[PDB]
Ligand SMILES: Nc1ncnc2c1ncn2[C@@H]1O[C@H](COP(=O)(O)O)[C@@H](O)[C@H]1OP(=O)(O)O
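To begin, one chain is listed below as structure tokens, in the form solved without this ligand.
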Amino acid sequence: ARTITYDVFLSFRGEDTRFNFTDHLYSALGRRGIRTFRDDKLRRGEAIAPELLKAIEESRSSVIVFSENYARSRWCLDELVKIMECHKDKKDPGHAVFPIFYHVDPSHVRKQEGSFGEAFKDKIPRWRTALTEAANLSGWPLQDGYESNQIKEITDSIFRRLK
């Protein structure tokens, strides 16, 4: 099998979900022994760090925390493109993808597939494909609930599917 260094690459829009959903999700994954690389520990900039791309290639799966502004970030969308390329290309093992819809409807994320104009021309085709594929995978469509228990259910389900 190919070389795997993490169970989960965690992709998210920090301004939306770092406080506290994704911070708590990251900790909860680790407490379950789910080895996770979170995407926000590297200095940002105009270009995505090559070390981020390598972490995606080295992970068994990605968890995407969709939120209102995830599809409104070039950074997030460029990560998503790499994640979905690995989901299509990687083998033995594959690269699984698990979307969380955090207080945003899947239909709303789908509608953002056509809204790359109002959000911001050679990148948009690839962004649209990756966003479409990811929004269509089976995941967790969260409404306003008890967040600690939502995270418990999500991490237990990731545990069952991975570990």
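Residue indices: 1-based, along the sequence shown. Only the largest set of C-alpha atoms that superpose within 1.5 Å between the two forms is called the rigid core. Shifts are known only where both forms have a C-alpha.
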So residue 120 and residue 121 are neighbours in the shown sequence, but is anything from the deposited sequence left out between them? Give the count as none, 1 to 3, 4 to 9, or 10 or more. 4 to 9
Could you settle it for me: does 110-118 or 127-135 have the higher average Cα B factor in the PDB entry? 110-118
So 92-100 or 64-72, which one's hotter by mean CA B-factor in the entry? 92-100
Using only modelled residues of the chain, where does the Cα B factor of residue 43 rank: lowest third, middle third or highest third? highest
CA B-factor placement of residue 3, once the chain's modelled residues are sorted into thirds: highest
Tell me, lowest, middle or highest third: where does the Cα B factor of residue 55 rank within its chain? middle
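Below, we refer to the form deposited with this ligand bound, which is not included among the displayed structures.
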With a 4.5 Å heavy atom cut-off to this ligand in the bound PDB entry, the contacting stretch among 22-30, 121-129, 55-63, 40-48 is 40-48
Is residue 18 close enough to touch this ligand in the bound PDB entry, meaning at least one heavy atom pair within 4.5 Å? yes
Could you list the residues in 63-78 that come within 4.5 Å of this ligand in the bound PDB entry, counting only heavy atoms and keeping sequence order? 75
After the core is superposed, which of these residues, 27, 115, 69, 136, moves its CA 2 Å or more between this form and the one not shown? 115
Rigid-core frame, C-alpha of residue 53, shift of 2 angstroms or more between this form and the one not shown: no
So, superposing on the core, is the move of residue 40 at the CA at least 2 angstroms between this form and the one not shown? yes
Quick read on residue 90 and residue 113 CA atoms in the bound PDB entry, 3 Å or more from the shown distance, and they're farther
Over in the other structure, so in the bound PDB entry, do residue 40 and residue 127 pull closer or drift farther apart at the C-alpha level? The difference is 3 angstroms or more. farther
Please list, in sequence order, every run of 3 or more consecutive shared residues whose CA atoms are displaced by 2 Å or more between this form and the one not shown on a core superposition. 39-45, 113-120
